[PDB]
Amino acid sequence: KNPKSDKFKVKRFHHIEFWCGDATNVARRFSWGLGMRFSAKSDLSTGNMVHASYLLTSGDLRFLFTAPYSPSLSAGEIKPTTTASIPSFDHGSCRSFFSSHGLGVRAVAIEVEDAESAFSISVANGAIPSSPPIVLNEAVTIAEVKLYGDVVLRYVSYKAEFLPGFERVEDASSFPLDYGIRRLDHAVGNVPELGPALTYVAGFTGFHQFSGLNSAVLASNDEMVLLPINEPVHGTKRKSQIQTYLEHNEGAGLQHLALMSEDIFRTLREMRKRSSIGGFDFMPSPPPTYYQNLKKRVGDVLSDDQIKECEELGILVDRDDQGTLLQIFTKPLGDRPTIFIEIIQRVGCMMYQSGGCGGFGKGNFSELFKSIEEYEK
């Protein structure tokens, strides 16, 4: 059931912004690890005396990496005279965020029809304002409300190239890496209490509802903006990974980003080639029994060769009543056991493909448990 109750017109995920201590080194690591091209910058070389911001792109996926300069470079400026390209940026907020949480997502940005209306309607419906709507070069409007923890939901709307004040990067610096990643599929938050988090976010957006944790997914009208939220389940034998996250992150925050690949086998071949030379590591592969048991579960979707390819790369597979899900998880992206990345490809639900086709892989919890147990053998 989809009531289509969005309180304002939402289009697609637009970008994800990481707050960093040094944007250069994080961006370069991510570019090589994920096969994303450098495509825009806003920094000293573009007149920005406030923050260094570098944009990576792969297909429609946009990762922004931002770090503060010394406040002294901009101590003469005031907000009317600011050289910052992202007016919501604040030196103190950024340093407080990174010292508290370490490297992580500050903003989940969605493109909307009218960012000022989205902000006003959100706040009228309980959203905690973070940064009021600001019109950038009479062309782009940006506004921010609190989502969970110190993560904001960022609204962006365009009258008619990332943001004003960002320059496209020189093609010499812009090497066309591409491992097949094409768009953000979902962005997941960890909170202490799921109920109040859902009530808050669904309250101001109108988004509808789509071991160790309880979870639920909020979705926009066409279910292309997908925001799962997790809470820990206390008192289990194995301590909840959600609780470990909250402890190491100093509270609620973004847990994982799911990136859709147009060819998950190629993406994982390419990423795994680079794991030990600057890229990303992957969680331990499931035991061979998991792949033995995949014939009975998805034998009608993937051939024996395609499932063998999954076993090589450590891919996981799940299936709902509508489609099939291929997925795999990186180790944490930084020092702390907090944020990680999921690579995903979905099969089925063709009308274009409908959002969330195949679910989010919750069947893989019991199947992995069963798998290791019967693997022990």
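The numbering used is simple: start at 1 and walk along the sequence shown.
In this entry, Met351 and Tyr352 are separated by 4 to 9 residues of the deposited sequence that lack coordinates. A chain break between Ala160 and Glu161 is present, corresponding to 4 to 9 residues of the deposited sequence without coordinates. 305 to 313 and 337 to 345 differ in mean CA B-factor, and the higher of the two is recorded for 305 to 313. Comparing 194 to 202 with 236 to 244, the stretch with the higher mean C-alpha B-factor in the PDB entry is 236 to 244. Comparing the listed residues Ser85, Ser276, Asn137, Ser99, the entry records the largest Cα B-factor for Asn137. Across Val145, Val298, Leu177, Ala115, the entry's maximum B-factor at the CA atom is seen for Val298. Ranked against the other modelled residues of its chain, the C-alpha B-factor of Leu213 as given in the entry falls in the highest third. Ranked by Cα temperature factor within the chain, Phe18 sits in the lowest third according to the deposited record.
Per the deposited record, the Cα B-factor of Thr66 falls in the lowest third when ranked against the other modelled residues of its chain. Sorting the modelled residues of the chain by their CA temperature factor places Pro132 in the middle third. Ranked against the other modelled residues of its chain, the C-alpha B-factor of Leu325 as given in the entry falls in the highest third.
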